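We give C-alpha cells for two forms of one protein chain below, kept apart as structure 1 and structure 2.
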Structure 1
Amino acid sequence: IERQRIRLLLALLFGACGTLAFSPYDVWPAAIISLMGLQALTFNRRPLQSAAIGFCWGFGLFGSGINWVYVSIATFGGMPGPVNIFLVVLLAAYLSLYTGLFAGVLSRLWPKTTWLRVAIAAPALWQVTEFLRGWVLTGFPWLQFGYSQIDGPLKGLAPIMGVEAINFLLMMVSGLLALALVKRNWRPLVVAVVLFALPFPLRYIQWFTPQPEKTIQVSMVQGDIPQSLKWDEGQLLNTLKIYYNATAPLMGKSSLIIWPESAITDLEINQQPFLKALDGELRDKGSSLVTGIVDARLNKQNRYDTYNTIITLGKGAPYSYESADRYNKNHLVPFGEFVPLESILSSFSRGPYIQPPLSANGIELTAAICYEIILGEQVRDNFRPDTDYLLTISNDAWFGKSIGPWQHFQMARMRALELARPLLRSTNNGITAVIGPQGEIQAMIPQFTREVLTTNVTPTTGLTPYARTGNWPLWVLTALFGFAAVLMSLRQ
C-alpha cells in the first residue's frame, strides 16, 4: 500500500488541500490536514524519495493557489497560450524545489520517525525553507499557512512573535498529529491538542489603546478604470474627471481621502498645475488627499529615475515636487516592474528600505504599495510608534475574478494584527476595506464597482511585542531547535 507513486499522488492531494484554507474559502483546518500529509508521507523513505514527495506536495499547493498569475502573464507578456502555461508550471516547479529540499534534508538527517523529528526538527527546518523561498531572487513568500489563522484561535500569537511564528506552531502540531496517527499513540495527540489550545487565551488581550477623541472620517475612492498598456489621449482626462468628481463632494466632510495605486496615470512632472490647484482647494475646505502616481525625476547625473510614488496634498501637507512627505516603492515585482538581467546588450527604480511615515492632517501613515504589504518584516521596520494607521494602495486589476486578490487581502489583515494599528486599503477595483487593530474588518465595499468607501476610523497608540522585536526572537528559538536536532542526529 506504499509504492511511493501512491505517496506522490497523495502529496498532490494533500498539497492542494492547503489552498482551501485561505481567504476565498476560510477553512483553517485544511492547513493541518495539508501539513499532516506532508509530515506523514515523508516517513520511512529515501532522502531522494522524500524530496520527490515534498516536491510533489509543493507542486499541488502552488499549482492551485498561484495559477491566478496566468492571466497576469496572459496580459503583460503577450506570449502565446502554451507559452504562458509553461511559465506558470515552471514557477510552480521552482517554488516546489524548496519544499522538496525540506523533505530531502529532513529525511537525510532524520530518517526515522521520532518525536524530535516532527516537533523539533521539522518546524525549525521549515522556517529556513520558507525563508529561502521568500528571499532568494527577490523572493515570493506567498501561501503561508499562518495567514489562515487571522480569524482562528491562534490569532493572539501574531502580535507577540509574528505570522511566521504561527507557521512554526502549525508544523509542530501537525507533526505531532501525524506521529500520533501512524504510531497509534495517544500521547503526542494530547500534547498536540495542548500546544494548540494554549495560544487561544491570547486573542482576548489588547496591546493597543484606541483614542476615540482622534476619530476622523476617511474616504477611499475605487476608480475601476479599464486597463490599457497604451497611454492614449482622453484616457487621462476621463480618469482625472472620475477621481475628482468622486472626491469633490467629500471635501469638507472627510478629512482624509485616499486614491489607489497609480491613480493619476500621468507623470507627476506633467500634472503640476493639476496638483497645485487640487492642493489649494483641499487646504481651504480642510482636508487632505493621499494618491498614488508615477514620478519621473531627474537625477543629479542628468538621468531619469522612475518611481511608483505616493504623494500627499491638502491641509497639513502642502504639495511640492521637492517635498519629502512622499513614499517610493522599495521591493519591486521581478518581471512586471524591472528586468532581472543587468546587461543584455524598461526598468523602474527602488526606493529606500526605510521611509518616514506620511503626514496628512497630523496623521501618521506608514505606506506599503501593493505587494509590499505581505512582507511583515519590512512593514515592521518602517513602522513607528507614532503611526496612526497602516496605509496600503494596490491595483489588483490584474488577475481579476480569481483567488489572487483575496489571498493578497488576507495577508494585509495580518499586518494590522501584528502592529495593533488600523489598516486603510484602497484599490482600483480589488478589496477596498478598512481593517481594525485586531484584524477585524470594519468596512468593505464590493469589487468591480465604481463606489467610494467612506467610514470612521479610530487610531491606536500601542506597542505589540512583535513591534519591538520582530521575527528576531523566532530565529533564536529556531536556532535552539535546529542546534538541538542536528546535535541529536550527530549524536552517533
Structure 2
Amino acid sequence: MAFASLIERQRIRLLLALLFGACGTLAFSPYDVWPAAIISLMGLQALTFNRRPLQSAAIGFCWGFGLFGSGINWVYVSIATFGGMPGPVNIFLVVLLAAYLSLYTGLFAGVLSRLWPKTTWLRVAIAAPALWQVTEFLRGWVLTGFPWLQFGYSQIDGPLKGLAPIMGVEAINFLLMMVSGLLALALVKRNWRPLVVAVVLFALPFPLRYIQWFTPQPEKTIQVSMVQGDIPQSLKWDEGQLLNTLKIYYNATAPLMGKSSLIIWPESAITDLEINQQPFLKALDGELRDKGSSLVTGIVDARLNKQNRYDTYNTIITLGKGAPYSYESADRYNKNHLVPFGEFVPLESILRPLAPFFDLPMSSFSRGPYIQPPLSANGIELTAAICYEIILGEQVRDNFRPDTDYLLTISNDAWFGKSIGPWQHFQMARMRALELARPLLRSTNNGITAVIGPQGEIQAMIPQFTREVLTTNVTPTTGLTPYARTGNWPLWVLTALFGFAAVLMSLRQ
C-alpha cells in the first residue's frame, strides 16, 4: 500500500536511521534505558533490508552518525573550553569525528547487504553478529581506535549481565546484535519464528547472573580512602597551582593516616615531575609508614632512556607501609594507551603549531609496557588502568593476575564538564569489575569516584564537582572467571565458524 511505498523511499530510510541511531545513546548511562539498545539495533538491522549494497551503506552511516552524533558529542566540551579555536571548526571536528566512527557502522551495513542481500534468518542472526564483531573490532583498533558506545555495556544491570564473566562484554554485543535481529526479521516478515528464538536466546543467559565465580575474603577487609581534589582543569597544570594542589591532597590525607590503610589520589594528581618532588614524596612516605597507611597516586615522570633522551610518563606511584617510596621503586605503573590529541599529537611537526588544542599542557607522553605487574601496597595487589585504559577489556584482563585483590583506576574527567561522557566512561569501568569478579576502586579528580563490587554493583560513590574524600570498607575477592582465564579468543572462534557458515551460504547462491 501507500505506507509501504513511503517506507520504501531511501530518504525516508536515512531520516529513520538517524532517529534509531540516536535512540541507542539512550541505552548508556546516565539514561540507562537498556531496551533502547534493542530498539536502536532493530532499526539498524531492519532499516537496511531490501536495498542495494551501497544503499544500505548510506543507511548504516546515518545510523552510526545518529548514534555517534548524539552519543559522543560531549567531546565538544573539551574542545571548546580549552581548544582555543573558532566556533565553526569546533563543531566541524565533532562532526568529523562522528563521521569517522560512522564509516565503520556504514561499512558493516554495506558488506552485509552485498553478501547477504536476501532478508533471511541467516543474514540477521548468523552473518550480522560476526560481521558486527569484525567491524566493531575495526572501529576500536584502527588509528589507535575509539571503541566507545558498545551496546553490551548497557547490559551491566540488565538480564544479559551474567554473560560477561564467561565471555566478556563483546559477547553481549554479539548476542544483542543477534537477538535484536531476529526481532527485526519477525516484524518485517510478520513471522513468529524469529520472535520465539529471540526471546529464548535473550532469556537463556538470565540465570547466568546467579553464578558467583568468586569467593570474598572478609579477613582482608580494609578501609580505603579516595580523595577527589576537584582541581579545575583551567588551572590544573598552571605552575602557580602546584602548592595549593599539594596542600589540598596532603591536608585531606594526613587525618586519615592510621585509619584508612589505603589512600588513593587520582590521575596525575601531583602535577610535577616525580624527580622534582623528592622531599615531599619522601617526607610523605615516612609519615604514612609511621601510621601504617599506604598511598597510591598519579604523577608525571620524565625518565632517561637508553639513548639519553627523556620519556615522560603518565604514572601511578605508591608510598607508605609495605610500599616504601623510592625513585628507584619498581612499584609503579606507566600509562600504556594514550588518548589521541590529549596525550600525544599525531603530526606535531605540522599540527602542534595550529592551535592550543593541538598544544595542550602535558601532551607529549611516552607509552609504558602493554603488560605491567600489579601495584603492591601493604600486601594488596592492585591491577591498574589509567583514565581511558579501563574501557579496554582485553588489556585489563591481560594485566589481571589470579592474586589481584582489587582493580584500580584513576582518572581526570574534568575536561568534559557536566556532560554524559563521564557517565559513559564510568559505566564501562563497571564492566571490568563484573568481567573479572573483583572490586574496582575508582579515584578521580572531579569525575565519578566510586567503589564497584565484584558483580559490577555499585558499593559506594560520591557526587561530582565537589572536593571531598570517599572512605568506605571494601573487601577483596579471589577466584577466576571464565573470561579471566581466556580473554576473548572463544567469542572469536564463534565469530569464526559463524562467519564461515555465512560466507559459504552467500557463496552457494
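For the two forms, the rigid core is made up of the largest set of C-alpha atoms that agree within 1.5 Å on superposition. Every residue number counts along structure 1's sequence, beginning with 1.
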**Prompt:** If you line up the core, which of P201, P352, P82, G234 has a CA that moves 2 Å or more between structures 1 and 2?
**Reply:** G234
**Item:** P385: CA movement between structures 1 and 2 [superposed on rigid core, Å]
**Value:** 0.3
**Request:** Quote the shift of the Cα of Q301 between structures 1 and 2 to one decimal place in Å, the two forms being superposed on the rigid core.
**Result:** 2.2
